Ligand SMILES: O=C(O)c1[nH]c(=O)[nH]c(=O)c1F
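Below, in structure tokens: the form deposited without the named molecule, a single chain.
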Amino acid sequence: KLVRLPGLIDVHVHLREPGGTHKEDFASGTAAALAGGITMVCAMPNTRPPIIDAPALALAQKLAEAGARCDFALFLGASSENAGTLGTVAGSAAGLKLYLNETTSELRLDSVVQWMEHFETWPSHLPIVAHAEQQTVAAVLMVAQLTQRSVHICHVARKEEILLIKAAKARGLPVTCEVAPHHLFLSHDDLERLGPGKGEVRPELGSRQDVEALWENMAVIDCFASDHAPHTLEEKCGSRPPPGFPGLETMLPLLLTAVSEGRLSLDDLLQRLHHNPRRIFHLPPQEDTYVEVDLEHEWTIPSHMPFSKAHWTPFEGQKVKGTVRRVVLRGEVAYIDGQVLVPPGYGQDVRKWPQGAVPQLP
């Protein structure tokens, strides 16, 4: 009755530690990951302090080693001051994150020349990922070509963006991309229900035509990733709502529903939540690690999932078919039927495993 999947990987999560632990911490965010059938996460650097230098990375690594329940890697963040300074720690990170649209004064880059400087100084064998919306996708692709290296585009959300990436791939350019579940399963049609606070997300929800273009161009999508961006309901419904949705606990149930409906195959799903994340980010295998899912159980997403401290979900009310029943991580039962069974600190930094270093020429 159950289907055994390999350990799934989410390459785009915000776990809020250090500095935003009321929204989520490593322990709660990785519990959410396990309950969503995810056994490895890559955590983004827009924490407080942001992970933009070696001291901040060192702090975040110890906090994750002590709090994470699943395995992880941590991104470094590009700033207006750190190009050329990250070489000694670069290989210990998941990759480098560029925030190319509206952002915090610390990750903010004010000039494309600063993007160039990062592409030129970051080690050429290590991953670079970009938050790049609309024409910014084209712009960062140009910078990647000028510096003759690859780039990965986060959360593609629009017909415009997926078709641009499609055209770049047709020209043989080294670009990969990911799509988040809210851009496949929500649209403008849902903003009346969500309201302008809860509905705030970046990239914003697309039109029906945007959603249909992403599905029609599934072949262009290399990865799914949640962009798990937990904020409390008070923050989402308050005066200055921060953008973002929680998504770790809902991503796999949503996608399994789509598999059961024949919208994509099980293999299509596993390429995008396992094999392609591995190969783009050079993430190591996890020994004795698997996820058991039940594809027959129909349920309705409630007003909040059990684990994320966000304590809300934009998918409330959607019917899904597909449940995570059991997760085994490195030989230990990590999750069964609504209970996480590995403690904070069980998770490890995969970049410290010998098989987790990115291969490079001498």
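Residue numbers run from 1 along the displayed sequence.
Not on display, but discussed next: the form solved in complex with the named molecule.
Participant: Can you tell me whether residue 202 touches the named molecule? I mean in the entry with it bound, with a 4.5 angstroms heavy atom cut-off.
Facilitator: Taking the distances in the entry with it bound, the answer for residue 202 is yes, it comes within 4.5 Å of the named molecule.
Participant: Spell out, yes or no, whether the shortest heavy atom distance between residue 243 and the named molecule in the entry with it bound is within 4.5 Å.
Facilitator: Result yes; residue 243 sits at the interface with the named molecule in the entry with it bound.
Participant: Since only the chain is shown here, I'm wondering whether residue 159 would be in contact with the named molecule in the entry with it bound (any heavy atom pair within 4.5 Å).
Facilitator: Residue 159: no contact with the named molecule in the entry with it bound.
Participant: Give a yes or no for residue 229: in the entry with it bound, does one of its heavy atoms lie within 4.5 Å of a heavy atom belonging to the named molecule?
Facilitator: Taking the distances in the entry with it bound, the answer for residue 229 is yes, it comes within 4.5 Å of the named molecule.
Participant: Based on heavy atom distances of at most 4.5 Å to the named molecule in the entry with it bound, which listed stretch, 141-149, 194-202, 164-172, 84-92, is the contact stretch?
Facilitator: Among the listed stretches, the partner-contacting one is 194-202.
Participant: Name the residue from 28, 313, 46, 61 that puts a heavy atom within 4.5 Å of the named molecule in the entry with it bound.
Facilitator: Filtering the options by heavy-atom distance leaves 46.
Participant: Pick from 118, 274, 131, 282: which has a non-hydrogen atom within 4.5 Å of the named molecule in the entry with it bound?
Facilitator: Comparing distances to the named molecule in the entry with it bound, the residue within 4.5 Å is 131.
Participant: Taking only heavy atoms into account, state which residues of 1-27 are within 4.5 Å of the named molecule in the entry with it bound, ordered by sequence.
Facilitator: In sequence order, 14, 16 come within 4.5 Å of the partner.
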